[PDB]
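Each remark here refers to the structure printed beneath this line.
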Amino acid sequence: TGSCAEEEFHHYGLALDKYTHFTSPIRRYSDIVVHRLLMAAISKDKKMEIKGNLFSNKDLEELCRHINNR
RNA sequence: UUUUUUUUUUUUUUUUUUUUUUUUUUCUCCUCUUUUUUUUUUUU
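Every number in PDB author numbering is 773 more than the matching position in the first sequence, counting from 1.
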């Protein structure tokens, strides 16, 4: 995300401007990330706090390079 | 009518000890050929 600029967020091959998967938490790894985050989102718009941290910049970038490799 | 004598199975038992798997060689060595390397996408 905000590690880069907006222009580098698009999904040109599909004419979208943002595209990921969320339909497979089981056979992949970015999707469990998306699960934790989506549930943090549905859980955060109540004005409370989600104890237990989630990620950081460097952690996410090393994870995404690992996933590219794999 | 044929008496008397010529030994036998070595003696001994009431001695201390503080180590340790194995063990010891063999040299440098020409990997052949459409490629940059493909890559989104969805159904597990």
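Note that beta-carbon positions come from the ideal geometry of N, C-alpha and C, so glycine has one too.
query: Under the three-state reduction of DSSP, which class applies to residue 808: helix, strand or coil?
result: Judged by DSSP in its simplified three-state form, residue 808 adopts helix.
C-alpha distance - residue 775 paired with residue 784, whole-angstrom precision: Taking the Cα positions, residue 775 is about 16 Å away from residue 784.
query: Between which two residues does the alpha helix (DSSP H) carrying residue 777 extend?
result: Careful: residue 777 lies outside any alpha helix (DSSP H) and carries neither H nor E.
task: Counting only the same chain and skipping the five closest in sequence on each side, list residues whose C-beta sits under 7 Å from that of residue 830.
output: Cβ within range, chain order: 776.
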